[PDB]
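In this analysis, Cβ positions are derived from the backbone assuming ideal geometry, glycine residues included, and neighbour counts consider all displayed protein chains. We did not get these values from a lab; they are worked out from the coordinates using the rules stated.
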Amino acid sequence: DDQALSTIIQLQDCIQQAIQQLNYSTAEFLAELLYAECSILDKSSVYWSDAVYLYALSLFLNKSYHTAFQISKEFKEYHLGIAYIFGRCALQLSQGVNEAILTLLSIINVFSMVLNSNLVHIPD
Amino acid sequence: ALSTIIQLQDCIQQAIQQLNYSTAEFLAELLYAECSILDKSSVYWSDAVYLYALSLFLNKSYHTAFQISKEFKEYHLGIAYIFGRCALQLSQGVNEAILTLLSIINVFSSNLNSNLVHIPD
């Protein structure tokens with residue numbers, strides 16, 4: 001447990017590093033492994049939501065828009081970035097726009113769960 | 001009038017950092033047009049060309065950024081990187097990318113510091 005948190009932080013840092021350059025397949029593999037590792041952690045942990053959001057962003061980035069769209073629909077409410085990924089997938093695919101609206105309206109009205117984070121591509 | 005171009009290039013940095021595409025399309029076009037006239041060898045010229053090529057690359061516009069980076073690949077390392085990856089995507093102009101990047105690596109080998117976004121190490 002003492003090193004368990006360090007590994008997750010290191011994997012997250014590597015994922016932001018990889019996505020910072022135009023290196024996506026490695027970002028895919030690191031996001032996949034972090035998402036698999038975070039399975040044991042409870043859903044209440046911010047780490048699970050962060051890993052799911054990173055995985056969704058990656059799966060969006062490599063044109064695998066369908067898979068990103070499901071992996072965003074399962075936990076769309078938990079994180080703001082997941083909702084962003086869901087909305088992007090919906091606009092590209094014209095599938096399930098309505099729940100995207102129902103989530104985005106709530107998230108914007110409340111702003112003006114997890115809402116703010118230091119990760120990359122966190123929407124403003 | 002360099003404050004305005006510095007501000008708009010920072011805006012381009014922020015926009016691309018926000019995963020918005022076709023947003024820095026116009027802004028990079030504007031920087032290219034504005035800075036093509038003031039100089040052809042200044043650091044701002046290479047910076048504008050690199051940002052323009054990166055914006056063109058990211059927006060499924062490869063047959064333009066290809067030649068755009070081809071013209072000025074020898075000036076900035078990021079331009080050469082964009083040129084090489086576009087060569088890979090389009091399967092064209094590959095030998096030129098090989099020579100330019102070999103020259104770049106040899107510079108590191110022999111006894112460049114721009115910190116712009118998406119610049120590979």
**Item:** Cβ charges +1 (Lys, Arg) and -1 (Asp, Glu), total dipole of segment A:1-108, debye
**Value:** 520 debye
**Prompt:** Is the shape of segment B:65-121 best called rounded, prolate or oblate, per the rule: a/c under 1.5 gives rounded, else a/b larger than b/c gives prolate, else oblate, with a ≥ b ≥ c the square roots of the Cα gyration tensor eigenvalues?
**Reply:** oblate
**Asked** To the nearest 20 debye, what is the magnitude of the charge dipole of the protein assembly as shown about its Cα centre, counting +1 on the Cβ of each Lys and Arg and -1 on the Cβ of each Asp and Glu?
**Response** 600 debye
**Message:** Given the options A:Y55, A:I15, B:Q67, identify the residue whose Cα lies farthest towards the positive end of the charge dipole of the protein assembly as shown (+1 on Cβ of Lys, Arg; -1 on Cβ of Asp, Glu).
**Reply:** B:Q67
**Asked** Averaged over B:15-23, how many beta carbons belonging to a partner chain fall within 10 Å of each residue's beta carbon?
**Response** 2
**Request:** Pull out a ≥ b ≥ c, the square roots of the eigenvalues of the alpha-carbon gyration tensor of segment A:1-99, then state rounded if a/c is under 1.5, prolate if not and a/b is larger than b/c, and oblate in the remaining case.
**Result:** oblate
**Asked** In deg cm²/dmol, rounded to 500, what helix-only [θ] at 222 nm does chain B give when every DSSP H run of at least 4 residues adds -39500 (n - 2.57) and the total is split over its residues?
**Response** -23500 deg cm²/dmol
**Fill in**
Per the Cα gyration tensor, the protein assembly as shown corresponds to an equivalent ellipsoid with semi-axes, largest first in Å, of 36, 22, 17
**Fill in**
If every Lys and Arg gets +1 and every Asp and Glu gets -1 at its Cβ, then about the Cα centre chain B yields a dipole, in debye to the nearest 20, of 280 debye
**Complete:** Net charge (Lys, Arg +1; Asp, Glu -1) of residues whose beta-carbon lies under 12 Å from that of A:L115, A:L115 excluded, is -2
**Asked** In the structure shown, do any of A:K76/B:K60; B:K40/B:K70; A:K63/B:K70 have a Cα-Cα gap over 22 Å, and if so which?
**Response** A:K76/B:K60; A:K63/B:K70
**Complete:** Rh (Kirkwood, all Cα-Cα pairs) for segment B:1-88, Å, reads 12.8 Å
**Item:** Listed residues B:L8, B:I79, B:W45: farthest to the positive end of the dipole of chain B (Cβ charges)
**Value:** B:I79
**Asked** Just in segment A:1-85: which trypsin sites (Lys or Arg not before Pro) are loop by DSSP and have at most 14 other Cβ atoms within 10 Å?
**Response** A:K43, A:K63
